[PDB]
Amino acid sequence: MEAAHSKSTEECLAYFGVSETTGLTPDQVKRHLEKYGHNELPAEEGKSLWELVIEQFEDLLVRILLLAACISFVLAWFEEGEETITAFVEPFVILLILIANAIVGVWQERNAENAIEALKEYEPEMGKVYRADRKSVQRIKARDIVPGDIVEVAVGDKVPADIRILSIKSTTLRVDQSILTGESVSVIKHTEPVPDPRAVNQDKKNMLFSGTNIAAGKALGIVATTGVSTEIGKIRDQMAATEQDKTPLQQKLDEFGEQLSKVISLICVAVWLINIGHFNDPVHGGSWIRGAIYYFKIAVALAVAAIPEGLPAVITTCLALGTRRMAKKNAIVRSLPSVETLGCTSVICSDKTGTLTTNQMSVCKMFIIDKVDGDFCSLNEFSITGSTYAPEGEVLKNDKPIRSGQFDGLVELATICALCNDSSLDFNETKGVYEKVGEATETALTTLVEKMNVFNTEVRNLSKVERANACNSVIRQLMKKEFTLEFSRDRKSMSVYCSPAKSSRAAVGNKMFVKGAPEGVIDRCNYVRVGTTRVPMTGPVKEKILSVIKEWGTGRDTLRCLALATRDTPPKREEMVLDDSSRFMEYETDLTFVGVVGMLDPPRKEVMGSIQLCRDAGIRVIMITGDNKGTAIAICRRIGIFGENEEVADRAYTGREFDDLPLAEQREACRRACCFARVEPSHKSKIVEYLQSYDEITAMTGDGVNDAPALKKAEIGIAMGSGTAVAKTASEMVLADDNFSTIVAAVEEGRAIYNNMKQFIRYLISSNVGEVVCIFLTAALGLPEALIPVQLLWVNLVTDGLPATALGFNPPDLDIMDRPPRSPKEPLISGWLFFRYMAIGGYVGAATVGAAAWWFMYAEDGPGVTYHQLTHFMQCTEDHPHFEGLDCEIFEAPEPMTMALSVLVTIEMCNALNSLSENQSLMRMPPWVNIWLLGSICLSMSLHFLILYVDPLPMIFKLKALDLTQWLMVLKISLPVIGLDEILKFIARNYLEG
Ligand SMILES: C/C=C(/C)C(=O)O[C@H]1C(C)=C2[C@H]([C@@H]1OC(=O)CCCCCCC)[C@@](C)(OC(C)=O)C[C@H](OC(=O)CCC)[C@@]1(O)[C@H]2OC(=O)[C@@]1(C)O
Ligand code: BEF
Ligand SMILES: [Mg+2]
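Residues numbered from 1 in each chain as written, not as in the entry; some residues may be left out. Chains lettered and ligands numbered in written order. Heavy atoms only, no water.

Help me get a handle on the packing of helix α31 (residues 894-914) against helix α34 (residues 964-974), residues and values and all.
Where α31 contacts α34, the axes come no closer than 9 Å and their chain directions differ by 45°. By the angle between their axes, α31 is oblique relative to α34. Every pair of crossing elements has a handedness; the one defined by α31 and α34 is right-handed. Mapping the contact onto sequence places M899, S902, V903, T906 and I907 in α31 and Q966, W967, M969, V970, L971, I973 and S974 in α34. The class makeup of the residues in the contact of α31 with α34 is eight nonpolar, four polar and no charged. (Axes fitted to C-alpha atoms, helices over the stretch in contact; angles between N-to-C directions. Helix = DSSP H or I, 4+ residues; strand = E, 2+ residues; numbered from the N terminus. Parallel < 35°, antiparallel > 145°, perpendicular 65-115°, else oblique. Left-handed = near helix turned anticlockwise from the far one by under 90°. Contact = heavy atoms within 4.5 Å. Nonpolar A, V, L, I, M, F, W, Y, C, P; charged D, E, K, R; others polar.)

This is the structure we're talking about:
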C-alpha cells in the first residue's frame, strides 16, 4: 500500500482488511506472501568465471595478436627441415602471453564483493509481528514479513519493513533515519496522515522505514511495503540501473587500439601493392602449392611490432603497487583503474552526515554560574574536545585542561546528565568501536560524563568495555532512580525523580533532575545554583543565561542547547499522577537552574584542512545532504566550504528550491553552488550527472543508502569504512579509517601515478613505432628480416618492460598538488611530441635495418654483398650466376639480426632516459634522479648478454654474440638518438610551449 502515509490508520487497516488487535490470520499471510513475495531483495549475481575469460579475449588487439598466432602456427608447420628444430616456438610464446595476461585479468576481476549479498548486513534478520496465530508477539525472519502485517518496534530495534505507524505506546517515538535520509537528529514521529502525496521521506512523519532504527520509545504499526517496494528497495534498483563508462585512460587505450588496427591492415595492404609486380616477372616457383609463405611472414611481424605486448603487465604492476601504497593509508582500493582516475578528479561531491561528520552527537560546550552579585552575573564556560561517542577527550577552560571535579557546579551538571538519561554507551568488541544505546542526544551526555570524570574514578587500567560506563556507574550509585517523566513535545523537557541511595547523604531528600529546551526550562526555574548554594532567579541573571544560550544557538557555534536543572524540594510521589504526560510540566516547576550543554553532529577533524588542500589543487568540494539546510550550511561554515559570514543566497539550495529551477539553471547551479540540502537519493545522482555533463571527473563520498546511486554514477565512489554495506559495494574506494584527508592523499597519488604512466605508455608505444618502421622498410626494400617476432616479443616484454616499470617510479613534481586537474580528454600524444616520436620512430627503423645491412655489406667479417643483390637476395638460389659468389643461406645469418636487435635495445635504453622528462634536457634533469631506471637498464642490458651467451637462448632467438668492433658500431648508431631528442626538446622549450 504505497501512499499509506497520506491515508489514515483506519484506511490502512481497511485496505488490508486486518485486525489491529490480532494481526493477519495464517491464511492471509499465505495469500499476501503469494501476492507480494517475500520481504527481501533479488540476488545480484552477474558475470561468472568463464564469462570473464570470454571478455578477456575480446580486446581488438588481442584477437589480432591471436589471429597472428594462428597464422604463425601454419607457418611453423610449413617449416621445412631447415629450421624445424624450434619452429613452433613462435606460435607458442604468442599464445603463452595471451594466456598469461588473460588468467591475470580473471584472477583480478574475480576479486569482488556483491551488493545485495552484502546488503544483508543492513537488512534486519528478525522482525516482531502479531498474527491471529497467537496472542503474544512473534519473532520471525524479517523476510517472512508481508504487507498488512501488524508489527511492533521498540528502542534499539531495526525497522524490518516500510511501516505505517498505528499507535505509539511510549510518550513519544524517536527514529534515527540518518542511514537513509541523512538526518542528523532522530525524528519525532506521529500517527496522523501526511496529506501531501508528494511528501518526501523527511516529511513522512507517520512512517517507519526499513533499515532505520528506533532511538527511543515503542510503537505498533502495519506494514505498507516490502522487498523492492520499500524506500531502501527503490534505491537499490536505482543503484542497479545506473551505468558506468570506462576510465578516460581505458578509453584512450581502446581508441589507440582501434586506430592501430587500421594502421596494421593498411600497411598490410600497402606492402601488397608493392608485390603486385610479381605478376610481371616470368618465373613459376610455386603457384598455389608452396610459393606464398612470405606475405604472412611479415604480417605477423607487423602486428607483433606494433602492439606493446608488455603494456598490460607494466600497467597492472604499477596500479597494483599504487593500491598497496593506498592500503597503507587505510584506503582500500576496490578497482585498480580508479587508482589513477582519482588523479583526474575535478569535483568531490560529499555527503554530510556520517561522511563529512561523525554522525555522533557530541557536547563541545557547557556552562554553570560562577558568581551572582546584583545586576552582575558571570558564567563558568568550558569547552570539550572529542567528536565521537568514545570516552576520550578533555574539558578546558580558557583553552586549558581543568579537573571538572573541582567545580561543584560541574559535579551536579554531570549528575543530571548521568541520571536524567534513558540511554547509554557501549563498546562493540566486534566492530572495535563505541556505539550509542538509545538516543544520540542522550548518549552525548553519557560520554560527556565519562570525559568529565568528576569523582576522578580510576580508568587508566580498564578495558574498552568497562571504560564506557565507569564514571556514569559511579554516579548511578549515589541516587536511586524512582521513576522518569519521559520527554513530551509540548513541554520539551524530561525529568527523573530520585531518592537518596548510599547512606553517605541521607539528609539530602528526594530530588528531580530536569533537562530540555532552554527557554521553557529556564522559565520554570525560580532559583539558580552557584557552586553548592542557591540564589533567586532575577532578570539580570536570566538575561545573561539566555544571551549565551542565544550565541551558542547561532553564529559560529549553532549548537543544540539543553538547559539542566533540579527541583530541590520535589512533591511527594503520592501527590503526583504519573500516567499522563500533560501533568509533567507542572511537576517540573519551581526549579533551580544548574547549567547548559551545547552539542552537535561534529565535522571530522581533518575535513577543514582537506578542503583547503583541494582548493589549491583546483578541486571543488560540494556538500549534498538529505538533512535540513540550516545544519547543512552551519557545517559548511565550520569546514570552510562557506565563509563564516558569507551570504549563500544562490550557493545553497534545498531539494525543492533546486527543482523549482529550470533544467538549464539546475545545471548551472551545480557549477556555482556548493551546498544542496534536503535532497533525495536521485538528487545526488542528478547533481553528479550535471557535473559530468561539463566533462568533469567527479567523485562522490558517502556512508548511507541514500548515497549509493550517486556513489555508483561518480567516476570514483568513496565510501566511509563505518558506513553502510550498500555504499561500499557502490564504491571504488573505502576509507577504512574514516579519514577524509586520505582522499586528498589518494588524489595526489593518482596524479603522480598518471604522470609516470604517461611516460612509460609513451615510451613503450614509441618503440613500437620504430619497430614497425623497421619491418616496413625491409619488406619495402626487399631486404631480409632484420628483426623477427620472437626478438620483438622479448624486447617489448622484458628489455623495455623493465625500464617502463622503473619510469613508473619517476619522482613526482614538487607542485603536483598546486595545479588544476588535467583534462580527461587530454591525448597522451599529439602536436610536437607526435613529431618527435615520428622522427625517433623513423630513426629506429633506419638504424635497425641499416645495422643489419651494414654487416651484410661493410662488416669486415661479413659478406661483401652489393645493395640490390641483397634487396634481391630472394633470387639467390634460382639466379646464382647474376649475383653469384657465396652460400645462399648467409642471408639468414644471425649476425645481421643480432646487429639490428642490439641497436634496438641500446636505442631503447637511451630513449628510456629521454622518457624521464617530457621536455627537460638530461643535463637539467639527470639520469640519476630515478635510481630504479638506472638499475633497470643494467638489468635489461645484462639480460641481453644472457640471451646472447647461454647456448639455449641464442639458438632459439636466432642470435650470436657480436664483436667489440660490432658493438662499438652499435653504440655509434644508437647513442646519437639522445642527441636527436635532446634537440627536439630544446625546440619545444625555447620556440614552443614546453
Ligand atoms: C604503435 C605503432 C605505430 C607505428 C602506429 O601505427 O601508431 C599510430 C597510432 C595508432 C597512433 C599514433 C601512430 O600514428 C602514426 O605514426 C601515423 C599513421 C601511420 C599510417 C601508415 C599507413 C601506411 C601515435 C602512437 O604516434 C606517435 C608518432 O606518437 C600517437 C598517438 O598514440 C597515443 O597517444 C597512445 C595512446 C595510449 C595516437 O595518434 C595513435 O592513434 C590514436 O588514436 C592516438 C591519439 O592514441
Ligand atoms: F547523510 Be547524508 F548527509 F545525506
Ligand atoms: Mg550520510
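So that's the structure; there's more coming.
Account for the pattern of salt bridges, naming residues and giving values.
Pairing is possible between side chains of opposite charge, provided their charged atoms come close. In total, this model carries 46 salt bridges according to the counting rule given. Between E231 and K234 there is a salt bridge, with its nearest N and O atoms 3.0 Å apart. With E231 and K234 both in helix α7 (residues 231-241) and three residues apart, this pair spans about one turn of that helix. Here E231 falls in the buried class, since its relative accessible area comes to 11%. (Salt bridge = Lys/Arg side-chain N within 4 Å of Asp/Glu carboxyl O. Buried < 20%, exposed > 50% of the residue type's maximum accessible area, 1.4 Å probe, protein only.)

Can you tell me about the site of ligand 1, naming the residues and giving the values?
Among the 18 residues in the neighbourhood of ligand 1, the closest are listed as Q259, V263, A306, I829 and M838. Here an oxygen atom of ligand 1 and a backbone polar atom of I829 are 3.1 Å apart. When isolated, ligand 1 has an accessible area of 920 Å², and the protein chains bury 80% of it. Mapped onto the shell around ligand 1, the elements with two or more residues apiece are α8 (248-272), α27 (742-781) and α30 (831-857). Element by element, the count of residues in the shell around ligand 1 is highest for α8, at eight residues. (Near = heavy atom within 4 Å. Polar contact = N/O pair within 3.5 Å; in protein donor to acceptor, adjacent residues only side chain to side chain. Areas by Shrake-Rupley, 256 points an atom, 1.4 Å probe, with all protein chains shown as cover.)

Tell me about the UniProt feature "binding site: Ca(2+) 2" in the protein chain, and please be specific about residues and values.
With numbering matched to this structure, UniProt assigns "binding site: Ca(2+) 2" to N768, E771, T799, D800 and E908. A maximum C-alpha distance of 13.9 Å among these annotated residues, which run over 141 residues, shows that they cluster at one spot. Not counting chain neighbours up to four residues away, the residues in contact with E771 comprise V304, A305, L792, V795, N796 and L904. As for its placement among the helices and strands, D800 is situated in the loop between α28 (789-799) and α29 (801-807). (UniProt positions renumbered as here; feature names shortened; annotations may be inferred.)

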